[PDB]
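query-v9.pdb follows; it contains PDB, C-alpha atoms.
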```pdb
ATOM      1  CA  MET V   1    -113.553  94.516 204.630
ATOM      2  CA  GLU V   2    -116.253  92.623 202.648
ATOM      3  CA  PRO V   3    -119.546  92.166 204.721
ATOM      4  CA  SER V   4    -121.209  88.775 205.468
ATOM      5  CA  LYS V   5    -123.198  88.690 202.185
ATOM      6  CA  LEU V   6    -122.072  85.215 201.083
ATOM      7  CA  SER V   7    -124.787  82.704 202.061
ATOM      8  CA  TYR V   8    -123.314  79.362 203.248
ATOM      9  CA  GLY V   9    -125.073  77.343 200.466
ATOM     10  CA  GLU V  10    -123.571  79.619 197.768
ATOM     11  CA  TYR V  11    -120.203  79.107 199.482
ATOM     12  CA  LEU V  12    -120.673  75.270 199.648
ATOM     13  CA  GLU V  13    -121.056  75.219 195.841
ATOM     14  CA  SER V  14    -117.888  77.364 195.314
ATOM     15  CA  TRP V  15    -116.014  75.090 197.806
ATOM     16  CA  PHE V  16    -117.396  71.850 196.290
ATOM     17  CA  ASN V  17    -116.679  72.628 192.572
ATOM     18  CA  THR V  18    -112.906  72.987 193.092
ATOM     19  CA  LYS V  19    -112.856  70.135 195.724
ATOM     20  CA  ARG V  20    -114.241  67.452 193.263
ATOM     21  CA  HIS V  21    -110.706  67.446 191.726
ATOM     22  CA  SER V  22    -109.135  66.495 195.143
ATOM     23  CA  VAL V  23    -111.745  63.982 196.490
ATOM     24  CA  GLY V  24    -112.642  62.386 193.109
ATOM     25  CA  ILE V  25    -115.898  62.543 191.029
ATOM     26  CA  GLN V  26    -117.649  59.390 192.477
ATOM     27  CA  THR V  27    -116.692  60.552 196.034
ATOM     28  CA  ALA V  28    -117.887  64.101 195.253
ATOM     29  CA  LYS V  29    -121.436  62.907 194.274
ATOM     30  CA  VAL V  30    -121.763  61.589 197.853
ATOM     31  CA  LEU V  31    -120.419  64.819 199.505
ATOM     32  CA  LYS V  32    -122.967  66.999 197.586
ATOM     33  CA  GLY V  33    -125.557  64.225 198.033
ATOM     34  CA  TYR V  34    -125.099  65.103 201.709
ATOM     35  CA  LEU V  35    -124.854  68.912 201.023
ATOM     36  CA  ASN V  36    -128.123  69.701 199.130
ATOM     37  CA  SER V  37    -130.062  67.104 201.239
ATOM     38  CA  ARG V  38    -128.699  67.901 204.779
ATOM     39  CA  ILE V  39    -126.503  71.064 204.982
ATOM     40  CA  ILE V  40    -128.091  73.441 202.299
ATOM     41  CA  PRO V  41    -131.803  73.461 203.687
ATOM     42  CA  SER V  42    -130.361  73.747 207.269
ATOM     43  CA  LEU V  43    -127.112  75.852 207.357
ATOM     44  CA  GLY V  44    -126.862  76.779 203.636
ATOM     45  CA  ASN V  45    -129.954  79.074 203.627
ATOM     46  CA  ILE V  46    -128.185  80.864 206.547
ATOM     47  CA  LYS V  47    -125.329  83.415 205.974
ATOM     48  CA  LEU V  48    -121.758  82.070 206.584
ATOM     49  CA  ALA V  49    -121.113  84.460 209.583
ATOM     50  CA  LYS V  50    -124.635  83.763 211.034
ATOM     51  CA  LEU V  51    -123.560  80.076 211.538
ATOM     52  CA  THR V  52    -123.464  79.975 215.388
ATOM     53  CA  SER V  53    -122.827  76.881 217.645
ATOM     54  CA  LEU V  54    -126.652  76.546 218.113
ATOM     55  CA  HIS V  55    -126.891  75.824 214.330
ATOM     56  CA  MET V  56    -124.343  72.940 214.601
ATOM     57  CA  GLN V  57    -126.231  71.628 217.689
ATOM     58  CA  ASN V  58    -129.639  71.676 215.871
ATOM     59  CA  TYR V  59    -127.902  69.914 212.937
ATOM     60  CA  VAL V  60    -126.498  67.012 215.124
ATOM     61  CA  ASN V  61    -129.923  66.636 216.863
ATOM     62  CA  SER V  62    -131.509  66.435 213.364
ATOM     63  CA  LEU V  63    -129.059  63.577 212.367
ATOM     64  CA  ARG V  64    -130.408  61.517 215.292
ATOM     65  CA  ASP V  65    -134.034  62.079 214.079
ATOM     66  CA  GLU V  66    -132.893  61.231 210.479
ATOM     67  CA  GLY V  67    -131.482  57.983 211.925
ATOM     68  CA  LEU V  68    -128.124  58.548 210.149
ATOM     69  CA  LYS V  69    -125.382  56.012 211.009
ATOM     70  CA  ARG V  70    -121.981  56.689 212.723
ATOM     71  CA  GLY V  71    -120.092  57.156 209.417
ATOM     72  CA  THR V  72    -122.716  59.392 207.738
ATOM     73  CA  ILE V  73    -122.943  61.596 210.909
ATOM     74  CA  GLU V  74    -119.136  62.094 211.030
ATOM     75  CA  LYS V  75    -118.650  62.570 207.219
ATOM     76  CA  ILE V  76    -121.341  65.292 206.817
ATOM     77  CA  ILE V  77    -119.827  67.070 209.872
ATOM     78  CA  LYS V  78    -116.390  66.695 208.097
ATOM     79  CA  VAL V  79    -117.820  68.398 204.940
ATOM     80  CA  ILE V  80    -119.131  71.358 207.065
ATOM     81  CA  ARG V  81    -115.778  71.581 208.908
ATOM     82  CA  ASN V  82    -113.722  71.379 205.629
ATOM     83  CA  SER V  83    -115.730  74.271 204.092
ATOM     84  CA  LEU V  84    -115.364  76.329 207.344
ATOM     85  CA  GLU V  85    -111.553  75.502 207.295
ATOM     86  CA  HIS V  86    -111.416  76.951 203.779
ATOM     87  CA  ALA V  87    -113.584  79.897 205.007
ATOM     88  CA  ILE V  88    -110.804  80.737 207.559
ATOM     89  CA  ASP V  89    -108.328  80.266 204.635
ATOM     90  CA  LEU V  90    -110.390  82.843 202.600
ATOM     91  CA  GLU V  91    -110.674  84.923 205.893
ATOM     92  CA  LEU V  92    -114.512  84.940 205.590
ATOM     93  CA  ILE V  93    -114.755  83.676 209.230
ATOM     94  CA  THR V  94    -112.190  84.006 212.067
ATOM     95  CA  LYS V  95    -113.020  80.610 213.686
ATOM     96  CA  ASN V  96    -114.571  77.269 212.539
ATOM     97  CA  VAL V  97    -117.894  77.025 214.507
ATOM     98  CA  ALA V  98    -118.080  73.226 213.686
ATOM     99  CA  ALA V  99    -114.445  72.555 214.870
ATOM    100  CA  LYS V 100    -115.765  71.536 218.355
ATOM    101  CA  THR V 101    -118.452  69.362 216.623
ATOM    102  CA  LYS V 102    -117.240  65.711 216.313
ATOM    103  CA  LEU V 103    -118.926  62.246 216.022
ATOM    104  CA  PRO V 104    -120.581  60.925 219.338
ATOM    105  CA  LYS V 105    -119.546  57.520 220.963
ATOM    106  CA  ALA V 106    -119.099  55.574 217.668
ATOM    107  CA  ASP V 107    -116.296  54.908 215.083
ATOM    108  CA  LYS V 108    -115.959  54.848 211.194
ATOM    109  CA  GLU V 109    -117.219  52.569 208.339
ATOM    110  CA  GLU V 110    -115.432  49.187 207.777
ATOM    111  CA  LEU V 111    -116.801  49.625 204.191
ATOM    112  CA  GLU V 112    -115.820  53.290 203.503
ATOM    113  CA  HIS V 113    -112.065  54.000 204.036
ATOM    114  CA  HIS V 114    -110.189  57.395 204.564
ATOM    115  CA  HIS V 115    -110.570  57.094 208.379
ATOM    116  CA  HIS V 116    -109.295  60.338 209.992
ATOM    117  CA  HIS V 117    -108.038  59.584 213.549
ATOM    118  CA  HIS V 118    -104.923  60.412 215.647
TER
END
```
As structure tokens:
Amino acid sequence: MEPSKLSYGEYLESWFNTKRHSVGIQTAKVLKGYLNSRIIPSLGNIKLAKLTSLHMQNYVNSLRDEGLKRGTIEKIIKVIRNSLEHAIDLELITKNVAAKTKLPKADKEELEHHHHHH
């Protein structure tokens, strides 16, 4: 068993590089525009297994103080979730600690499509 050596920011790069080919280059600029600005100086400096629910809470509280809009809040949470999904896929973590973290009472962007909803 490999220990929790992989820092989340190092992992976000490894996740992002391969994912540019699935999301598209212009879309990818925006995902990493959110990564290095929001997720890296918060959760990225932290180790992948040290990401507890408190860290996702402090992140969502920060988004309020940033004054980020309904779409931005949900999308940056989606990026964290998607990397943690792939971290279960790589068996780095047993459970996605952002899976219970969704957007508050608000919907998506009438501008920006790819609206994930049941």
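Here atom CA of residue 110 of chain V stands at a distance of 26.3 Å from atom CA of residue 56 of chain V.
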Close residues, segment 87-98 of chain V itself excluded, 7 Å, all atoms listed in the file, min 6 positions apart in chain, as a PyMOL selection string
chain V and resi 49+52-53+56+80-81
Select all residues near (-126.3, 78.0, 200.2) (cut-off 6 Å, inclusive, file coordinates), counting all atoms listed in the file, and output them as number ranges by chain.
V: 7-10, 40, 44-45
What is the distance, in Å and to one decimal place, between atom CA of residue 85 of chain V and atom CA of residue 109 of chain V?
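About the pair atom CA of residue 85 of chain V and atom CA of residue 109 of chain V: they are 23.6 Å apart.
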Can you tell me, as a list in words, what residues are no more than 12 Å from residue 71 of chain V when counting all atoms listed in the file, ignoring any on the same chain fewer than 5 positions away?
residues 63, 76, 77, 78, 102, 103, 104, 105, 106, 107, 108, 109, 110, 111, 112, 113, 114, 115 and 116 of chain V
Between atom CA of residue 36 of chain V and atom CA of residue 75 of chain V, distance in Å (one decimal)
14.4 Å
Which of these, V:11, V:70, V:65, V:4, has the shortest distance to residue 50 of chain V once you count all atoms listed in the file?
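Distance minimum relative to residue 50 of chain V lands on V:4.
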Given the PyMOL selection byres ((chain V and resi 16) around 12) and the file above, list the residues it selects as a PyMOL selection string.
chain V and resi 8-15+17-25+27-36+79-80+82-83+86
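Among the candidates V:99, V:68, V:6, V:1, the one nearest to residue 47 of chain V when counting all atoms listed in the file is V:6.
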Generate the coordinates of N, CA and C atoms for segment 23-54 of chain V; report them as a short mmCIF file (atom, residue, chain, number, x, y, z; two decimals), in the frame of the given file.
```cif
data_model
loop_
_atom_site.label_atom_id
_atom_site.label_comp_id
_atom_site.auth_asym_id
_atom_site.auth_seq_id
_atom_site.Cartn_x
_atom_site.Cartn_y
_atom_site.Cartn_z
N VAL V 23 -111.05 65.14 195.87
CA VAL V 23 -111.74 63.98 196.49
C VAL V 23 -112.02 62.87 195.45
N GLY V 24 -112.26 63.29 194.20
CA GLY V 24 -112.64 62.39 193.11
C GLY V 24 -114.13 62.51 192.81
N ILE V 25 -114.53 62.27 191.54
CA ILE V 25 -115.90 62.54 191.03
C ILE V 25 -116.97 61.67 191.73
N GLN V 26 -116.70 60.35 191.85
CA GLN V 26 -117.65 59.39 192.48
C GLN V 26 -117.81 59.67 193.99
N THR V 27 -116.72 60.16 194.61
CA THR V 27 -116.69 60.55 196.03
C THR V 27 -117.45 61.87 196.24
N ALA V 28 -117.32 62.75 195.23
CA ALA V 28 -117.89 64.10 195.25
C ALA V 28 -119.42 64.06 195.20
N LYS V 29 -119.97 63.13 194.38
CA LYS V 29 -121.44 62.91 194.27
C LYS V 29 -122.07 62.68 195.66
N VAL V 30 -121.31 61.99 196.52
CA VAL V 30 -121.76 61.59 197.85
C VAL V 30 -121.69 62.79 198.82
N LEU V 31 -120.63 63.61 198.67
CA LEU V 31 -120.42 64.82 199.50
C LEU V 31 -121.53 65.85 199.26
N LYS V 32 -121.89 66.07 197.97
CA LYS V 32 -122.97 67.00 197.59
C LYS V 32 -124.34 66.35 197.77
N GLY V 33 -124.37 65.01 197.68
CA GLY V 33 -125.56 64.22 198.03
C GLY V 33 -125.95 64.45 199.49
N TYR V 34 -124.94 64.71 200.32
CA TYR V 34 -125.10 65.10 201.71
C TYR V 34 -125.37 66.61 201.82
N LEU V 35 -124.71 67.44 200.97
CA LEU V 35 -124.85 68.91 201.02
C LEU V 35 -126.31 69.34 200.79
N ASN V 36 -126.80 69.19 199.55
CA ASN V 36 -128.12 69.70 199.13
C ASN V 36 -129.30 69.05 199.90
N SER V 37 -129.06 67.85 200.46
CA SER V 37 -130.06 67.10 201.24
C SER V 37 -130.07 67.57 202.71
N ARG V 38 -128.88 67.60 203.34
CA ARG V 38 -128.70 67.90 204.78
C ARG V 38 -128.33 69.38 205.03
N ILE V 39 -127.14 69.80 204.55
CA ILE V 39 -126.50 71.06 204.98
C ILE V 39 -127.17 72.31 204.33
N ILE V 40 -127.48 72.28 203.01
CA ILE V 40 -128.09 73.44 202.30
C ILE V 40 -129.44 73.90 202.96
N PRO V 41 -130.50 73.01 203.12
CA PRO V 41 -131.80 73.46 203.69
C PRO V 41 -131.73 73.79 205.20
N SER V 42 -130.59 73.46 205.84
CA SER V 42 -130.36 73.75 207.27
C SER V 42 -129.46 74.99 207.43
N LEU V 43 -128.16 74.83 207.14
CA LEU V 43 -127.11 75.85 207.36
C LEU V 43 -126.86 76.71 206.10
N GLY V 44 -127.18 76.15 204.92
CA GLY V 44 -126.86 76.78 203.64
C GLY V 44 -127.70 78.02 203.36
N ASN V 45 -129.00 77.94 203.71
CA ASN V 45 -129.95 79.07 203.63
C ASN V 45 -129.54 80.24 204.55
N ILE V 46 -128.73 79.91 205.57
CA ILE V 46 -128.18 80.86 206.55
C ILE V 46 -126.89 81.49 205.98
N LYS V 47 -126.58 82.74 206.37
CA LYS V 47 -125.33 83.42 205.97
C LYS V 47 -124.15 82.78 206.73
N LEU V 48 -122.98 82.74 206.08
CA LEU V 48 -121.76 82.07 206.58
C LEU V 48 -121.35 82.55 208.01
N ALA V 49 -121.46 83.87 208.27
CA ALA V 49 -121.11 84.46 209.58
C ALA V 49 -122.25 84.31 210.62
N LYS V 50 -123.47 84.01 210.15
CA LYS V 50 -124.64 83.76 211.03
C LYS V 50 -124.63 82.32 211.58
N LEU V 51 -123.77 81.45 211.01
CA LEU V 51 -123.56 80.08 211.54
C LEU V 51 -122.98 80.13 212.97
N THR V 52 -123.86 80.05 213.97
CA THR V 52 -123.46 79.97 215.39
C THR V 52 -123.43 78.49 215.84
N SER V 53 -122.96 78.25 217.08
CA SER V 53 -122.83 76.88 217.64
C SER V 53 -124.20 76.19 217.80
N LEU V 54 -125.25 77.01 218.03
CA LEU V 54 -126.65 76.55 218.11
C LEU V 54 -127.07 75.84 216.81
#
```
